[PDB]
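Each chain, written out:
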Amino acid sequence: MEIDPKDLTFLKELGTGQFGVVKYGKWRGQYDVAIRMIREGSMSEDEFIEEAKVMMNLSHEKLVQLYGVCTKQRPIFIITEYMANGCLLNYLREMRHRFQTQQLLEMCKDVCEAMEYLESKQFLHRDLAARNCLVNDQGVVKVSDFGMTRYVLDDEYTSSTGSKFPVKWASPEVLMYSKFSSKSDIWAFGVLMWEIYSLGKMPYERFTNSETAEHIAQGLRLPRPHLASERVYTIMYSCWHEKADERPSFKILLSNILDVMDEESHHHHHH
Ligand SMILES: */C(C)=C\C(=O)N1CCC[C@H]1c1nc(-c2ccc(C(=O)Nc3ccccn3)cc2)c2c(N)nccn12
Ligand SMILES: [Br-]
Ligand SMILES: [Br-]
Ligand SMILES: [Br-]
Ligand SMILES: [Br-]
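Residues numbered from 1 in each chain as written, not as in the entry; some residues may be left out. Chains lettered and ligands numbered in written order. Heavy atoms only, no water. Residues with missing side-chain atoms left out of burial classes, pairs and counts.

**Focus on the overall build of the protein**
Right, on to step 1. Counting its regular elements, the protein contains nine helices and seven strands.
Right, on to step 2. For 271 residues, the compact-globule estimate of 2.2 N^0.38 gives 18 Å, and the C-alpha radius of gyration of the protein, at 19 Å, lies within 12% of that figure.
Right, on to step 3. Along the first, second and third principal axes, the C-alpha set of the protein runs to 65 × 40 × 35 Å.
Right, on to step 4. Long-range contacts, defined here as pairs at least 24 residues apart, represent 61% of the contacts in the protein between residues at least 6 apart. (Helix = DSSP H or I, 4+ residues; strand = E, 2+ residues; numbered from the N terminus. Rg over C-alpha atoms; globule rule 2.2 N^0.38 Å. Contact = heavy atoms within 4.5 Å.)

**A look at the side chain of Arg247**
Right, on to step 1. Note on placement: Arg247 falls in the loop between α8 (230-238) and α9 (250-265).
Right, on to step 2. A distance of 2.9 Å separates the side chain of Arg247 from the backbone oxygen of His241, its partner in a polar contact.
Right, on to step 3. The residues contacting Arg247, other than those within four sequence positions of it, are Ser171, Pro172, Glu173, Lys183, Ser184, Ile186, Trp187, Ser238, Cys239, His241 and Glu242. (Polar contact = N/O pair within 3.5 Å; in protein donor to acceptor, adjacent residues only side chain to side chain.)

**Thoughts on the sheet that holds strand β4 (residues 66-70)**
Right, on to step 1. The sheet built from five strands is open, its strands ordered β1-β2-β3-β5-β4 with antiparallel pairing. The strands lining the two open edges of the sheet, one partner per strand, are β1 (8-17) and β4. The average angle at which neighbouring strand axes cross in this sheet is 25°, direction not considered.
Right, on to step 2. Contacts from helix α1 (residues 45-57) reach β4 and β5 (77-81), with the element oriented near 160° to β4. (Pairing = 2+ DSSP bridges. Axes fitted to C-alpha atoms, helices over the stretch in contact; angles between N-to-C directions.)

**Quick word on the site of ligand 1**
Right, on to step 1. Neighbouring ligand 1 are 22 residues, the closest being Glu81, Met83, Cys87, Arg131 and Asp145.
Right, on to step 2. Within the side chain of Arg36, an N or O atom sits 3.3 Å from an oxygen atom of ligand 1.
Right, on to step 3. Burial of ligand 1 by the protein amounts to 91% of the accessible area it has alone, namely 710 Å².
Right, on to step 4. Placement of ligand 1 is best described as lying within the largest pocket.
Right, on to step 5. Of all the secondary-structure elements, those providing two or more residues to the shell around ligand 1 are β1, β3 (31-38), β5 and β6 (133-135). (Near = heavy atom within 4 Å. Areas by Shrake-Rupley, 256 points an atom, 1.4 Å probe, with all protein chains shown as cover. 1 Å grid on protein atoms, 1.4 Å probe; cavity = no way out; pocket = protein on both sides within 12 Å on 5 of 7 lines; lining within 4 Å. Sits in = over half its atoms within 2 Å of the grid points.)

**A short note on the packing of α8 against α9**
In a pair of packed helices, the angle between the axes and the distance between the axes together describe the arrangement.
Right, on to step 1. At a closest axis distance of 10 Å, the pairing of α8 and α9 adopts a crossing angle of 170°. By the angle between their axes, α8 is roughly antiparallel relative to α9. Side by side, α8 and α9 meet where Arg231, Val232, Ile235 and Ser238 of the first sit next to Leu253, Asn256, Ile257, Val260, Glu263 and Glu264 of the second.
Right, on to step 2. Taken together, the residues that form the contact of α8 with α9 break down as five nonpolar, two polar and three charged. (Parallel < 35°, antiparallel > 145°, perpendicular 65-115°, else oblique. Nonpolar A, V, L, I, M, F, W, Y, C, P; charged D, E, K, R; others polar.)

**Considerations on α1**
Right, on to step 1. Taking 1.5 Å per residue as the helical rise, α1 with its 13 residues ought to reach 18 Å, and the 19 Å between its terminal C-alpha atoms agrees with that figure.
Right, on to step 2. All of the buried residues along α1 are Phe48, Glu51, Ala52, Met55 and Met56.
Right, on to step 3. Next to the buried residues of α1 lie β4 and β5. (Expected span 1.5 Å × (residues − 1). Buried < 20%, exposed > 50% of the residue type's maximum accessible area, 1.4 Å probe, protein only.)

**Overview of the UniProt feature "short sequence motif: CAV1-binding" in the protein**
Right, on to step 1. The feature "short sequence motif: CAV1-binding", as given by UniProt, occupies residues 187-194 in the numbering adopted here.
Right, on to step 2. In this annotation, residues 187-194 is assigned 100% helix and 0% strand; the end-to-end C-alpha distance for the span is 11 Å. (UniProt positions renumbered as here; feature names shortened; annotations may be inferred.)

**Thoughts on the packing of helix α2 (residues 88-95) against helix α3 (residues 101-120)**
Right, on to step 1. Between α2 and α3, the shortest axis-to-axis distance is 12 Å and the interhelical angle comes to 170°. The orientation of α2 with respect to α3, classified from their angle, is roughly antiparallel. For the pair α2 and α3, the contacting residues are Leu88, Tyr91, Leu92 and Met95 in the first and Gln103, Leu104 and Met107 in the second.
Right, on to step 2. Class assignment of the residues belonging to the contact of α2 with α3 gives a composition of six nonpolar, one polar and no charged.

**What about the pairing of strand β2 (residues 20-27)?**
Right, on to step 1. Of all the eight residues making up β2, six are buried; the element is thus mostly covered by neighbouring parts of the structure.
Right, on to step 2. Summarising the sheet, β1 and β2 pair through eight bridges and their orientation is antiparallel. Counted as the bridge partner of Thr16 is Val21 from β2.
Right, on to step 3. In sequence, β1 turns back onto β2 through a hairpin of two residues.
Right, on to step 4. Pairing of β2 with β3 involves eight bridges; the strand directions are antiparallel. For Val22, the partnering residue across the bridge sits in β3 and is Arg36.
Right, on to step 5. Connecting the antiparallel pair β2 and β3 is a turn made up of three residues, with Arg28 showing a positive phi of about 60°.

Have a look at this one:
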């Protein structure tokens, strides 16, 4: 897991993500990799380094693969699979010019498979959203940054009442009681489905975080995206049940997505 930084070559600046600068490079002169440089003073590094070992034991084809870390240095490096098509949000914005609606449901399936795996390992993502999903060269979507917000030092990001908290993806019990679970990830997954079918539109774009909380407390939810059929909207709406126990698991949700795929292929075969 501990990688020698001398085995890394930096070839292209990719930009800066939530958790620091990211660069494309080669590992051992053989493998394409993305190199995340954790921003100084942003993480509880001691706890993160211990949690990083648990994140390393996770492996699934729809999870962005982690190769290792460089911790005998400052800044810390995280070495990961390189996702050629970049962040899902930017990818969705570009899809507005050419796409087929079936592709959107396939994207939801990819993420749901990744979350079903994390669910089976009792591993919470805690900030599932399009901004944390990446797309490879084949258009496959993969989930990343699972569990990374646990040890963010800025309380404005981790506190349910913080100004930077992902309120617009948070379930009621997260906003009111800071109760995180796979069922809160389910809620966020529903919002992520809405993001995909809105082709990267921000949920509750014209809402303040305070107005969003009141909106959710009133039992109101996001509107049906124009590209989402009623059958598809039923799935993402099931993620938004007021009570966590009434939301489906990722295992059930994946089967529901596959079933709707069959219904969609017969959309014109009913009276
Ligand atoms: C948005 C989805 C991505 C994003 O904001 N950026 C900014 C730079 C270009 C792009 C990007 N980020 C990554 C990337 C790299 C590493 C990690 C990571 O360390 N994940 C992690 C650590 C621990 C536990 C779980 N996950 C996440 C994201 C990236 C990659 N890999 N390829 C291309 C572009 N890109
Ligand atoms: Br560079
Ligand atoms: Br088509
Ligand atoms: Br609760
Ligand atoms: Br809205």
